[PDB]
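Reading through the structure tokens given below for one structure.
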Amino acid sequence: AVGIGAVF
Amino acid sequence: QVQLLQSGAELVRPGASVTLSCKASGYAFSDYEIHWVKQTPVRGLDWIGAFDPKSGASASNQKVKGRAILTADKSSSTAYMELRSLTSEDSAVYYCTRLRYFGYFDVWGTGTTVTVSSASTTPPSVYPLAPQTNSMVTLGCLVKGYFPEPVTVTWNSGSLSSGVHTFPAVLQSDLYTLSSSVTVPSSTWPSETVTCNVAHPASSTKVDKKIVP
Amino acid sequence: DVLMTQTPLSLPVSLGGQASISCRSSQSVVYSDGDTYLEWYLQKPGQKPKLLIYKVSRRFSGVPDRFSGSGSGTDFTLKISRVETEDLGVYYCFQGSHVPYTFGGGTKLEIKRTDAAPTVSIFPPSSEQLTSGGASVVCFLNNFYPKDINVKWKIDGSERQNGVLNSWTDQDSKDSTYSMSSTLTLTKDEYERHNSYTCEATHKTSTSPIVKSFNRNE
């Protein structure tokens with residue numbers, strides 16, 4: 512998965 | 001030696017809360033998020049939520065919310081998930097697993113079996129099962149009248165691997181019952197001690213029953 | 001939200017055969033980094049979930065080459081060659097590109113093997129159970145194939161069908177056989193009002209039943 516914490 | 005440790009089981013009254021613990025070892029805690037996945041009895045993985053110790057972010061899937069609070073203790077390298085106002089619809093095995101950014105769920109926890117009921121904890125009553137020649141002896145262990153799931157049954161504290169069948173428990177009138185089978189060479193029994201180890205984490209009870217003729 | 005339709009629900013394959021699992025998403029699962037975060041997981045009976053495939057076609061460390069993942073847009077495929085007894089379990093596709101992340105419904109791999117007759121063992125109620133008012137007589141029918149089997153209880157020659165509980169193991173991790181326990185539960189008072197207890201198994205293996213017995217007097 513991407514990770515809920517990676518997009519910022 | 002990466003590992004994620006969780007409590008064995010939690011019995012929760014309906015409408016109460018539970019706080020699940022997922023503690024990591026063997027790596028830098030803040031470099032991996034901690035995700036929580038709900039497993040339902042026969043199948044179904046369901047992603048509940050996640051916490052990122054690096055950024056402090058939280059997220060949950062929407063069948064649960066108003067009720068899931070995801071935190072983490074970086075001091076103690078521990079993640080926590082709180083689930084409020086529980087119903088029987090929340091009873092399941094909850095797994096924790098780790099995720100590096102753009103990575104994957106490579107390491108999982110043992111899982112915590114959560115049971116939502118008004119009924120009380122009941123430890124099991126463990127009964128020995130003793131009975136051809138030219139044979140191997142099949143022996144048993146009767147684990148009756150416990151609540152809630154699960155129970156772990158081993159033989160010789162894990163030293164008797166092969167020939168062991170643990171049958172799924174059957175629920176009836178708010179009580180569980182299962183049996184465990186083990187087969188050993190006739191030369192070994194009753195010559196060598198064969199002992200049945202029953203563990204019920206919700207009772208925090210552990211019972212040992214030697215199988216005697 | 002993003003939806004994950006997995007077919008089939010169970011998948012019979014011969015030992016050494018070829019298996020093919022399909023998973024299909026409601027939308028495209030390409031992420032805003034260019035990659036497609038499609039994963040395949042396996043959960044064996046009584047064990048924690050395990051990772052096999054990530055990034056539609058890439059194999060995780062320690063996963064053999066028999067497992068092959070492929071996908072394009074909304075249609076994804078996991079292929080297992082030369083299926084082993086160790087391949088048994090439920091396989092889940094997983095999308096990790098749009099939160100909330102979602103799993104498929106799962107596909108249960110049931111493997112076909114040769115027929116095996118059950119080994120029957122009968123056990124009288126324990127001394128410890130009787131001294132507290134109860135009496136269960138347990139009958140094990142172990143390592144048989146196929147799954148369908150019938151157990152008949154007889155007390156002093158007359159068939160008894162109430163108070164009997166049946167439960168099947170999952171398919172055996174090692175020899176892909178099934179085992180089954182059946183339990184006739186009595187009070188100590190009714191148990192000691194009869195003498196001979198019989199357990200009768202009929203299975204596709206044989207025409208006449210496999211019978212195990214004991215007598216309370218003996």
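Residue numbers (PDB author numbering), protein chains in the order written: chain C, 512 to 519; chain A, 1 to 131, 136 to 217; chain B, 1 to 218.
The beta-carbon is built from N, C-alpha and C at its ideal position, and this holds for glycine as well.
Residue of the options minimising C-alpha distance to residue i
i, options, result
"A/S191", "A/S77, A/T137, A/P217 and A/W47", "A/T137"
"B/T107", "B/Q43, B/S70, B/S127 and B/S25", "B/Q43"
"B/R113", "B/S173, B/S20, B/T74 and B/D189", "B/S173"
"B/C23", "B/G17, B/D35 and B/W40", "B/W40"
"B/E200", "B/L141, B/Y145 and B/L78", "B/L141"
"B/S132", "B/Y91, B/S20, B/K188 and B/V138", "B/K188"
"A/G162", "A/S21, A/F51 and A/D212", "A/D212"
"B/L88", "B/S32, B/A135 and B/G46", "B/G46"
"A/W159", "A/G15, A/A16 and A/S185", "A/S185"
"A/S85", "A/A68, A/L99 and A/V93", "A/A68"
"B/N143", "B/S176, B/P125, B/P209 and B/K152", "B/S176"
"B/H203", "B/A116, B/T7 and B/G134", "B/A116"
"B/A135", "A/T142, A/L146, A/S139 and A/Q39", "A/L146"
"B/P8", "B/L15, B/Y92, B/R66 and B/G34", "B/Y92"
"A/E196", "A/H204, A/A203 and A/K214", "A/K214"
"B/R66", "B/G163, B/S81 and B/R58", "B/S81"
Neighbour-count burial assignment, residue i, 16 or more Cβ in a 10 Å radius
i, result
"B/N217", "exposed"
"A/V126", "buried"
"A/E10", "buried"
"A/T181", "buried"
"C/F519", "exposed"
"B/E190", "exposed"
"A/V216", "exposed"
"B/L3", "exposed"
"B/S179", "buried"
"A/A206", "buried"
"B/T207", "exposed"
"B/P118", "buried"
Opposing strand residues paired with residue i [DSSP bridges]
i, result
"B/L109", "B/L11 and B/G89"
"A/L45", "A/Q39"
"B/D75", "B/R24 and B/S72"
"A/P189", "A/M140"
"A/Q176", "A/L179"
"B/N215", "B/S196"
"B/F140", "B/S121 and B/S181"
"B/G134", "B/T187"
"B/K152", "B/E200"
"A/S60", "A/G49"
"A/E33", "A/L99"
"A/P128", "A/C145"
"A/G109", "A/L4"
"B/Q6", "B/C23"
"A/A72", "A/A79"
"A/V93", "A/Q39 and A/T113"
"A/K213", "A/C200"
For the stretch 131 to 150 of chain B, which residues have a beta carbon sitting closer than 7 Å to at least one beta carbon of chain A? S136, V138, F140 and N142
Output needed in chain order: residues of the stretch 69 to 101 of chain B with a Cβ under 7 Å from some Cβ in chain C. Along the stretch 69 to 101 of chain B, going in chain order, the ones with a CB nearer than 7 Å to a CB of chain C are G96, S97, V99 and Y101.
When you check each C-beta in the stretch 22 to 48 of chain B against every C-beta of chain C, which residues fall closer than 8 Å? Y31, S32, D33, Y37 and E39
Selection of the stretch 39 to 59 of chain A by Cβ proximity to chain C, strictly under 7 Å: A50, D52, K54, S55, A57 and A59
Interface residues of the stretch 180 to 199 of chain B facing chain A [CB-CB below 9 Å]: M180, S181, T183 and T185
So if I threshold CB-CB distances at 8 Å, which residues from the stretch 99 to 121 of chain A count as touching chain C? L99, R100, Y101, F102, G103, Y104 and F105
Touch check for the stretch 93 to 103 of chain B and the stretch 51 to 64 of chain A: three-plus C-beta pairs under 8 Å? Between the stretch 93 to 103 of chain B and the stretch 51 to 64 of chain A there are three or more inter-stretch CB-CB distances shorter than 8 Å, so the stretches are counted as touching.
Three-pair Cβ contact test at 8 Å for the stretch 27 to 44 of chain A versus the stretch 71 to 78 of chain A: yes
Is there contact between the stretch 17 to 26 of chain A and the stretch 18 to 34 of chain B, where contact requires at least three CB pairs shorter than 8 Å? no
Any C-beta of chain C within less than 7 Å: which residues of the stretch 13 to 38 of chain A qualify? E33
Residues, ordered as in the chain, of the stretch 167 to 179 of chain B that lie near chain A by beta-carbon distance below 7 Å: Of all residues in the stretch 167 to 179 of chain B, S167, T169 and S179 have a Cβ within less than 7 Å of some Cβ in chain A.
According to a CB-to-CB cut-off of less than 7 Å, which residues of the stretch 158 to 170 of chain A neighbour chain B? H169
Can you confirm whether the stretch 38 to 46 of chain A touches the stretch 86 to 103 of chain A when touching is taken to mean that 3 or more C-beta pairs between the two stretches lie within less than 8 Å? yes
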